[PDB]
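One letter stands for each residue in the lines below.
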Amino acid sequence: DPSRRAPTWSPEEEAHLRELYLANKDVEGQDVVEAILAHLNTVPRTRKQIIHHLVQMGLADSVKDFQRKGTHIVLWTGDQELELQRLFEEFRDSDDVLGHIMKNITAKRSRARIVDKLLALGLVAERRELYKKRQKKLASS
């Protein structure tokens, strides 16, 4: 796809991905991501894609280290997202849904970790919606 998270790669191309990473990791205090991202105009792929394949090939540490605010992110799988997804909307009409989310859950997560993931799923538009009273109205703040 045109200019999104598109894979067009090969064992050689990702060796070229590490190629650029290994070459531009030597410079200090620089944006290593953009160095890679911008120099291999072989494949149309988003910023996430350089980070993705590098930490996935085990030659990089984490998404955190690359360019963004540290997210320890608890390994979010489809089933695990479903825990949060269902419980959130099932106790959304409560005095504190996240309170229930931790008590009635399988995975012990953090408040900040949960609220970020709600926004990512599009379960809410902000943090206040999940900290409201027992309302029963279309929750779109």
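Residues numbered from 1 in each chain as written, not as in the entry; some residues may be left out. Heavy atoms only, no water.

K.L.:
Help me understand the overall build of the chain in this model?
P.N.:
When helices and strands are tallied, the chain shows 7 helices and 0 strands. Counting from the amino terminus, the chain carries its helices and strands in the arrangement α-α-α-α-α-α-α. Computed over C-alpha atoms, the radius of gyration of the chain comes to 19 Å, more than 25% over the 14 Å expected from 2.2 N^0.38 for 141 residues, which places it beyond the range of a compact globule. Projected onto the principal axes, the alpha-carbon positions of the chain cover approximately 55 × 30 × 25 Å. Looking at the chain residue by residue over its 141 residues, the buried ones come to 32%. Looking at the chain alone, contacts between residues at least 24 apart form 50% of all its contacts between residues at least 6 apart. Of the accessible surface of the chain, which amounts to about 9,400 Å², a share of 45% is contributed by carbon and sulfur atoms. For the chain, the centre of its 25 positive side-chain charges and the centre of its 22 negative side-chain charges are spaced 9 Å apart. (Helix = DSSP H or I, 4+ residues; strand = E, 2+ residues; numbered from the N terminus. Rg over C-alpha atoms; globule rule 2.2 N^0.38 Å. Buried < 20%, exposed > 50% of the residue type's maximum accessible area, 1.4 Å probe, protein only. Contact = heavy atoms within 4.5 Å. Areas by Shrake-Rupley, 256 points an atom, 1.4 Å probe, with all protein chains shown as cover. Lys, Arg positive; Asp, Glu negative; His and termini not counted. Charge placed at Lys NZ, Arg CZ, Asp CG, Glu CD.)

K.L.:
Just checking my understanding: could you explain the side chain of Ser94 for this structure?
P.N.:
One can find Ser94 in the loop between α5 (78-90) and α6 (97-103). Given a relative accessible area of 15%, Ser94 falls into the buried group. Other than its neighbours up to four places away in sequence, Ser94 contacts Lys132, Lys133 and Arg134.

K.L.:
Any chance you could explain the environment of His53 here in plain terms?
P.N.:
Along the chain, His53 falls in helix α3 (residues 47-56). With 36 residues separating them in the primary sequence, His53 and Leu17 have C-alpha atoms 8.1 Å apart. Once residues within four sequence positions are removed from consideration, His53 is found in contact with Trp9, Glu14, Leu17 and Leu59. Side-chain polar atoms of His53 contact the side chain of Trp9, separated by 3.3 Å. (Polar contact = N/O pair within 3.5 Å; in protein donor to acceptor, adjacent residues only side chain to side chain.)

K.L.:
In this structure, what is going on with the packing of helix α1 (residues 11-24) against helix α2 (residues 32-39)? I would like to understand it.
P.N.:
The geometry of a pair of packed helices is captured by two quantities: the angle between their axes and the separation between those axes. Between α1 and α2, the least distance of the axes is 9 Å, while the angle of their chain directions is 140 degrees. By the angle between their directions, the pair α1 and α2 is classed as oblique. The handedness of the crossing between α1 and α2 comes out as right-handed. In this structure, α1 contributes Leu17, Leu20, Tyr21 and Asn24 to the contact, and α2 contributes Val32, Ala35, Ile36 and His39. A breakdown of the residues in the contact of α1 with α2 according to their chemical character gives 6 nonpolar, 2 polar and no charged. (Axes fitted to C-alpha atoms, helices over the stretch in contact; angles between N-to-C directions. Parallel < 35°, antiparallel > 145°, perpendicular 65-115°, else oblique. Left-handed = near helix turned anticlockwise from the far one by under 90°. Nonpolar A, V, L, I, M, F, W, Y, C, P; charged D, E, K, R; others polar.)

K.L.:
Explain the packing of aromatic side chains here, please?
P.N.:
Geometry of an aromatic ring pair is reported as the spacing of the ring centres plus the angle between the planes. Under the counting rule described, the total for this entry stands at 1 aromatic pair. Arranged with centres 5.8 Å apart and planes meeting at 35 degrees, the rings of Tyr21 and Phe66 form a pair that is tilted. Linking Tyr21 in helix α1 with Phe66 in helix α4 (residues 63-67), this pair joins segments that are 45 residues apart in sequence. Given a relative accessible area of 7%, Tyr21 falls into the buried group. (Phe/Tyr/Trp six-rings, centres within 6.5 Å; stacked < 30°, edge-to-face > 60°.)

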